[PDB]
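*Asks:* Kindly generate the corresponding structure for this input.
(chains A and B, ligands or ions: 7)
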Amino acid sequence: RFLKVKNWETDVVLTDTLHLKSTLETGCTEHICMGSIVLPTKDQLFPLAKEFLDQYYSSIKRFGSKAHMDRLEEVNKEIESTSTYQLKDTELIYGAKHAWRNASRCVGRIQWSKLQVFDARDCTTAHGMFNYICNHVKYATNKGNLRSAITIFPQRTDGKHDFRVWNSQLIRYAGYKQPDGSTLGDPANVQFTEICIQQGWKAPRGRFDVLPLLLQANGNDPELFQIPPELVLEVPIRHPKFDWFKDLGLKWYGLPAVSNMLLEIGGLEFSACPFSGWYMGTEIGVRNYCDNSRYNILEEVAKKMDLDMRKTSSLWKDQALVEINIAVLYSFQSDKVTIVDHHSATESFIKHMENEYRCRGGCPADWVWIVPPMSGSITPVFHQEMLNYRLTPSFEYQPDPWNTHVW
Amino acid sequence: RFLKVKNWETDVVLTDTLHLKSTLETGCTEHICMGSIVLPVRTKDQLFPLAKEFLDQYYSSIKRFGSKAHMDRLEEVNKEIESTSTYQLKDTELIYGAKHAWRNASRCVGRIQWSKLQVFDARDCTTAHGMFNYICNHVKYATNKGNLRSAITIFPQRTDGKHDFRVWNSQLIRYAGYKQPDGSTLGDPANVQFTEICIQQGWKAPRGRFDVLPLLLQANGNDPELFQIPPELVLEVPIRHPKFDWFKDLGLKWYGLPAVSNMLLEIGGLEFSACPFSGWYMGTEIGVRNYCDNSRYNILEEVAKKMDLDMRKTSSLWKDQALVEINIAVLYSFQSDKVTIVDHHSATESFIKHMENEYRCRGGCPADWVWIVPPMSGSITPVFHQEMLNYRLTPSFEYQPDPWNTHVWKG
Ligand code: HEM
Ligand code: HEM
Ligand SMILES: Cc1cc(N)nc(C[C@@H]2CNC[C@H]2NCCNCCc2cccc(F)c2)c1
Ligand SMILES: Cc1cc(N)nc(C[C@@H]2CNC[C@H]2NCCNCCc2cccc(F)c2)c1
Ligand SMILES: C[C@H](O)[C@H](O)[C@H]1CNc2nc(N)[nH]c(=O)c2N1
Ligand SMILES: C[C@H](O)[C@H](O)[C@H]1CNc2nc(N)[nH]c(=O)c2N1
Ligand SMILES: [Zn+2]
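*Replies:* Residues are numbered from 1 along each chain as shown, chains lettered A, B, ... in the order given. Ligands and ions are numbered 1, 2, ... in the order given. Now the structure:
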């Protein structure tokens, strides 16, 4: 029932009790581990509301108080009559913060308690949504001194009146198929880009064209809006030693801001809830630039360094990969935009992990995602056993709106 | 019921049915994934199901399932179990068993090679001296003057659990570690305790950074005995870098033959508790883990110093820079001496090919992502992007506790 996790580098052993308060299903069974898989009513809502309010009132040291019981009856009275309910502001801030605290795939959670929450539940139209989003972006960006934030639109009602940001991130580069055969810009965003064009976007058709927002309010057909270019902080990519690096013409945006996830608090579902923090360096240098399925620039860079690409055993990909990632961290720092390197991020997460074990009895963590996509074993997280389980409140994936929403 | 795995780089989708033939548990539940946890006497009753299961497998593969000779072998194993409470594998079943344990080893990236295993049968062995000789011959055959060949040597099975054959070494060739009174270690820090054991069994320690440990060998549940591997048999490679000439002055070498000697081979219910096996190295095993782990030789600083990197902020990626150079050096040194080695790009790529082939012909390939993805440069290898299903097939290799923790000393 109780479980041990061992760090194999420090021999430190921790005991997890938090997993018994775990609720949703993992995908795994006694017969099969699915750890590496990316995606494995009134009667339903009240248990969910109760479990959430119980943890809320317990966190404020008021479990079994008058204010507790009374709130429990009030939600019950709202559920029985309205078939949903409304979170108080204080409950909403707690819910969002804990959804982040519980995100087993996030290395950045040491910061969980500093989330700035923007309550956009009074929003009704896409122009309304656009305004809230620009305020989010500007607030979070802070001229390069980035701050964590989430903006929460109105919750699901009947599932015919959903608020959705169709973009997967608020700031992303477009993807275009060429008559040539290959791809200009980000090949990850090719489909969405075509949905932007088919909705009426004028695409400049270059390598780094910031996509327009596609916003859906109250189940309506979604609407295009360009983000004020003055709000999109971007960094030109140079290397501190290699002069030729700048003429690759690389740039990235400072603000990572996930906008396609669904926030669940006390059985209530918030389908538009964009959140943003700041980058770990490898997210851009390793994944965005070097993934065969992304900008895939390793070939071009290795060529500029004059490495031996005759054989894989010269480790030329690995050499180029390090430099690319050195260039990313350097560029961001030189422009004073917050960024964390993978050594720093993982060390902080080990500190966070040990904080959560002593202060909560555990910390759900997905090793496959926490271990950075380069230099895994030289980061302390590699040697750290982790337990993965699903707690609520949480962020969940949701189907893309275009596969679903009717026109 | 059929399960799909997706490669997120290529969008290739594969369908697994083999997991239906899975028996043992994984450690996971619907409520918890233990996918990153390192370690999560039998009765007649259970033994015949296991035998039957295995012989059904064996006879299926040779296309003799249900034949007179398959039936006769069931009846004969049946009888042997009730008459003696155990049974004996035929030669052909042993081979086959051993190849399939490797094949089913979900943490091993080297399985494309599974069908080429040299099996040595050492089931006539009765003494520690007998074991030394079998192991020497193993090492010589597998080494093949640098042109490494996979091999397994199999000693007699467990009977009552009181008469076990064990190789107390975790690997047949490994370097000593010696903790000093000042708190530092000389040599491989992983081996400190096994070293102490060898010392107190009578090994007179040379006490250098690279002393090849003696073999400590238990036969027939007896106390084990010391033996030096003949040095002419221990192929070693001095480590140098193709461009950095100060690299050899670091004084590093490594042995060429990785040979795991602490695992338990389970086939058709029988337990072979000494089955050392050996292959060749993937370069990252030496350059990333053996040299650069903080708990191992820990040379990153010393190398980054000599490279004059900016070491005053981790954000210079000095560790990542030094790590790549050391790994370049390891592959360079092995190749120049014509000792078999494989780089991680080449090994992960071959494994992906192995894996797809296994889905087509076998209906699955159990694989453990945490272990298969290399400890550097993860996402630039094709495995990082491969979803994988992990489950337990038999025959298999299993962990077993360290013999010094369980052994009843006789004197
Ligand atoms: C503050 C700095 C932050 C850092 C350094 C960070 C880091 C990361 C990283 C590296 C990943 C894996 C990303 C990938 O490779 O695609 C991740 C995933 C995730 N992060 Fe954090 N994050 C931060 C802020 C936040 C915030 C503010 C939230 C929510 C409030 C959050 C919630 C999540 C969630 C839900 C995932 C999983 C997404 C998925 O499953 O695809 N993060 N994070
Ligand atoms: C021939 C070349 C081979 C290569 C390149 C190879 C590669 C590897 C690597 C890199 C690992 C885990 C890395 C680590 O040590 O942490 C591993 C694990 C393993 N290998 Fe292979 N291997 C090879 C041959 C074999 C052979 C001959 C066998 C047995 C017949 C075998 C069975 C296993 C087993 C059972 C594990 C799991 C070990 C554990 O769970 O700790 N391998 N292999
Ligand atoms: C808030 C925040 C801060 C930060 N530093 N980092 C993040 C990572 C985002 C989250 N989620 C994707 C990451 N961004 C990477 C963009 N690629 C898509 C990821 C993906 C791939 C395959 C399947 C799938 F469903 C999603 C968020
Ligand atoms: C035959 C062969 C060839 C090859 N290239 N490679 C191998 C890897 C061996 C097998 N298995 C690990 C490697 N041997 C190293 C010892 N393992 C330390 C990590 C560890 C820590 C704690 C518990 C545990 F189970 C393992 C074998
Ligand atoms: C905690 C974690 O599972 C452990 O450190 C594992 C991770 N992956 C590994 N993978 C390999 N190949 N070898 C190892 O020793 C480990 N260590
Ligand atoms: C197949 C595998 O699950 C997949 O490629 C995962 C592995 N780990 C990851 N880890 C992070 N942080 N981000 C990712 O997108 C992925 N992709
Ligand atoms: Zn699992």
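*Asks:* how far away is the closest residue to residue A:221 other than its chain neighbours from ligand 7?
*Replies:* Leaving aside its sequence neighbours, residue A:221 sits nearest to residue A:407 (CB to CB, 6 or more residues apart in numbering or on different chains; 6.4 Å). Backbone N, C-alpha and C define where each C-beta goes, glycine included. Separation of residue A:407 from ligand 7 (CB to the ion, to the nearest Å): 40 Å.
*Asks:* Surely residue A:407 is in contact with residue A:222?
*Replies:* No - Residue A:407 is beyond contact range of residue A:222, at 10.0 Å (criterion: CB atoms under 8 Å).
*Asks:* Those two: which has the busier surroundings?
*Replies:* The neighbour count for residue A:407 versus residue A:222, taken as other CB atoms under 10 Å in any protein chain shown, is higher for residue A:222 (22 against 4).
*Asks:* could you measure that one against ligand 5, distance?
*Replies:* Remark: distance between residue A:222 and ligand 5 (CB to the nearest ligand atom, to the nearest Å) = 43 Å.
*Asks:* Enumerate every residue touching that residue.
*Replies:* Taking CB atoms under 8 Å, 6 or more residues apart in numbering or on different chains, we find residue A:222 in contact with A:126, A:164, A:166, A:199, A:214-216, A:401, A:405.
*Asks:* Quick check: phi and psi on the nearest residue to it once chain neighbours are set aside?
*Replies:* The spatial neighbour of residue A:222 that comes closest, neighbours along the chain excluded (CB to CB, 6+ apart), is residue A:216 at 3.9 Å. With angles defined as degrees, to the nearest 10, residue A:216 sits at phi -130, psi 120.
*Asks:* What is the burial count for residue A:216?
*Replies:* 21.
*Asks:* for it, which residues make a bridge with it?
*Replies:* Listed beta-bridge partners, residue A:216: residue A:164 (assigned using DSSP bridges).
*Asks:* Quick one: residues contacting it.
*Replies:* A:126, A:162-166, A:222-223, A:272, A:401, A:405.
*Asks:* Now, these that are in strands?
*Replies:* Among the contacts of residue A:216, the members falling in strands are A:164-165, A:223 (criterion: DSSP state E).
*Asks:* what number of residues lie near residue A:266?
*Replies:* By other CB under 10 Å, the burial measure for residue A:266, its neighbour count, is 24.
*Asks:* Find the nearest non-adjacent residue to it, please.
*Replies:* Leaving aside its chain neighbours, residue A:266 sits nearest to residue A:52 (3.2 Å; criterion: CB to CB, 6+ apart).
*Asks:* Please apply the same query to residue A:21.
*Replies:* residue A:391 is the one closest to residue A:21 (CB to CB, 6+ apart), at 6.7 Å.
*Asks:* Next, the one you found: secondary structure please.
*Replies:* Using DSSP: H, G, I helix; E, B strand; the rest coil, the three-state assignment for residue A:391 comes out as coil.
*Asks:* now the nearest residue to residue A:3 once chain neighbours are set aside: how far from ligand 7?
*Replies:* Among residues not flanking residue A:3 along the chain, residue A:16 sits closest, at 4.5 Å (CB to CB, 6+ apart). Distance, residue A:16 to ligand 7, by CB to the ion: 15 Å.
*Asks:* So the residue nearest to residue A:266 lies in a helix, does it not?
*Replies:* Yes - secondary structure assignment places residue A:52 in a helix (three-state DSSP).
*Asks:* burial of it, as a residue count?
*Replies:* 23.
*Asks:* Kindly report the residues of chain A close to ligand 1.
*Replies:* For chain A, the contact set with ligand 1 under CB under 6 Å from any ligand atom comprises A:100, A:103, A:105-108, A:111, A:115, A:148, A:150, A:261, A:275, A:277-278, A:280, A:283, A:340, A:345, A:369, A:395.
*Asks:* redo that, cut-off 5 Å
*Replies:* Neighbours of ligand 1 within chain A, by CB under 5 Å from any ligand atom: A:100, A:103, A:105-108, A:111, A:148, A:275, A:277-278, A:280, A:395.
*Asks:* How about the stretch 1-150 of chain A: which residue is closest to ligand 5?
*Replies:* Proximity of the stretch 1-150 of chain A to ligand 5 (CB to the nearest ligand atom) peaks at residue A:8, 5.0 Å away.
*Asks:* Closest one to ligand 5 out of the ones in strands among the contacts of residue A:216, please.
*Replies:* Ligand 5 has its nearest neighbour among the ones in strands among the contacts of residue A:216 in residue A:165, at 36.1 Å by CB to the nearest ligand atom.
*Asks:* Neighbours of that closest one, how many?
*Replies:* Neighbours of residue A:165 (other CB under 10 Å): 27.
*Asks:* what residues are up against it?
*Replies:* Here residue A:165 is in contact with A:129, A:133, A:213-216, A:259-260, A:272, A:274 (CB under 8 Å, 6+ apart).
*Asks:* mind redoing it with 6 Å?
*Replies:* By CB atoms under 6 Å, 6 or more residues apart in numbering or on different chains, the contact set of residue A:165 is A:259, A:272, A:274.
*Asks:* will you turn those into CSV that also has neighbour count?
*Replies:* Compiled in CSV, the contacts of residue A:165 are given as follows (neighbours: other CB atoms under 10 Å in any protein chain shown):
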residue, neighbour count
A:259, 23
A:272, 29
A:274, 27
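*Asks:* between those residues, which is nearest ligand 6?
*Replies:* For the contacts of residue A:165, the nearest to ligand 6 is residue A:259 (16.5 Å; CB to the nearest ligand atom).
*Asks:* residue ranges for the strands of the stretch 101-250 of chain A, please.
*Replies:* Using DSSP state E, counting those that start in this stretch, the strands of the stretch 101-250 of chain A run over A:116-119, A:149-152, A:164-165, A:175-177, A:183-185, A:213-216, A:223-225, A:234-236.
*Asks:* Tell me how many other residues crowd the closest residue to ligand 2 within the stretch 201-350 of chain A.
*Replies:* Residue nearest to ligand 2 within the stretch 201-350 of chain A (CB to the nearest ligand atom): residue A:313, separated by 13.8 Å. Neighbourhood size, residue A:313 [other CB under 10 Å]: 20.
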